[PDB]
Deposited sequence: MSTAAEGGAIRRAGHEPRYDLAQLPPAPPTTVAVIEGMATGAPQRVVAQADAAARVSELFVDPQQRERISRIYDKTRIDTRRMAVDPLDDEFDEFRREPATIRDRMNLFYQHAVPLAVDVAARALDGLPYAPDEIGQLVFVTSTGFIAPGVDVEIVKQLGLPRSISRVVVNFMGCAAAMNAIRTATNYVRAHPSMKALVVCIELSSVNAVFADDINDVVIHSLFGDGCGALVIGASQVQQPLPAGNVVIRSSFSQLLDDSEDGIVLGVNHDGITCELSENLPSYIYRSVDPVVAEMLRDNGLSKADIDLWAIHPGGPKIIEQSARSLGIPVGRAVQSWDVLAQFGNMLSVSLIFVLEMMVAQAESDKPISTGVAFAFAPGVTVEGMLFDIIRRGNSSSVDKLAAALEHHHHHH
């Protein structure tokens, strides 16, 4: 007999590096390194097509001082040291603020640490424990290279924890510093990647509640969680470690995989929870790029602009991989879409596989 308890987000917080990089300025830095004017207009037409206004970088890519370093080979170890150095102070602040809204450090039983842009042990999860004075006996899980949908896998892990240990809470911390892996382009993909990815941190505090028990406004109930590895999509999203930093490779066919897959997956899931698409008030589509939001919406047969919080996060921060969906959730909690006392929502994102990960959730108003 499964426990009849449910997982609740009781606490959230976001953060990002102080350094803003205007998309206009980034396109200038790149266009300078082209001669043929037919090629310079293609660069500017790429950066304009991103529908990104700003990003936050831990390391300024529009800074000449480290152009020597970013061209130099065999720097991966230095970049991982660089990741640790920025990640700790950012991670610890965001986590501290996710907890600051709430009553007892000895009740936090699990820390789930998510990144696909950092690889170093002992890592940030340890400094989080020490600097926040969490229990030395806390369960730690490090989820790596699960891409942009990694927060969904982390939440599912946290949900399993608190449902097996209802007295206890789980702390989920995601941090992505794409900027630490920035290099001078060889291929088209490289320039496209460098045009989209930014930096951010998000943190969640998850606890268990008895079903039907009353909950304060702003709590998010995780009702249901779904995964789907698709066929003939291995090329879709590819992550690798190079001598000069971690890399991401996105197939030209990725938008086609997204169009094909989203509706059947989301349709089956909703049917399984006795819902139709007309019962969803909130669509938290992963803001990975314009193409990902566009093709996700077209698959679902909803107007592209319906996912306004996704568009807003892309515009202000770009693609922050795992973190992006914590930002979308914070916005949805912060600005209610209607008068309803509960808002029902679907979140999903794409990981290597290709895999579709998502949640059905309720925000209490």
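Quiz item: Which deposited-sequence positions, grouped into ranges, are missing C-alpha coordinates?
Solution: According to the deposited record, C-alpha coordinates are absent for 1-26, 130, 393-413, which together make up the missing parts.
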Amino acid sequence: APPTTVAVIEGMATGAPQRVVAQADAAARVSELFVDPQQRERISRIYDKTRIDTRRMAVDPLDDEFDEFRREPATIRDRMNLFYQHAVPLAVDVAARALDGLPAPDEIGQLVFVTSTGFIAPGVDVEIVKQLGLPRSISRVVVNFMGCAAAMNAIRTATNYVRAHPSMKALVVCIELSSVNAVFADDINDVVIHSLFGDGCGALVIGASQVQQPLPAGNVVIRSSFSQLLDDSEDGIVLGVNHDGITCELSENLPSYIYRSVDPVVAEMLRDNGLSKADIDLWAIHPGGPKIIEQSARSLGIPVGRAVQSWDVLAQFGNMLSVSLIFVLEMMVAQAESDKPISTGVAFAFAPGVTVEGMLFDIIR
From here on, numbers count along this sequence of modelled residues.
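Quiz item: Between 186-194 and 201-209, which has the larger average Cα B-factor in the PDB entry?
Solution: Stretch with the greater average CA B-factor: 186-194.
Self-check item: Given 37-45 and 322-330, the range whose Cα B-factors average higher in the PDB entry
Solution: The recorded data point to 37-45.
Quiz item: If you compare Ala315, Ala58, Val308, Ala297, which has the highest Cα B-factor in the entry?
Solution: Highest C-alpha B-factor among the listed residues goes to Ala58.
Quiz item: Which third of the chain holds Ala217 when residues are ordered by C-alpha B factor: lowest, middle or highest?
Solution: Middle third, going by the recorded CA B-factors of the chain.
Quiz item: Relative to the other modelled residues in the chain, which third contains the C-alpha temperature factor of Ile342: lowest, middle or highest?
Solution: Its C-alpha B-factor, which the entry lists for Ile342, ranks in the highest third among residues of this chain.
Practice problem: For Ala1, return the chain-relative third of its C-alpha B-factor as stated in the PDB record: lowest, middle or highest. | Solution: Tercile = highest for this residue's CA B-factor.
Self-check item: Modelled-residue ranking by C-alpha temperature factor, third containing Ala98
Solution: Lowest third, going by the recorded CA B-factors of the chain.
Self-check item: Record-listed C-alpha B factor of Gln110: chain third
Solution: For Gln110, the deposited C-alpha B-factor lands in the lowest third.
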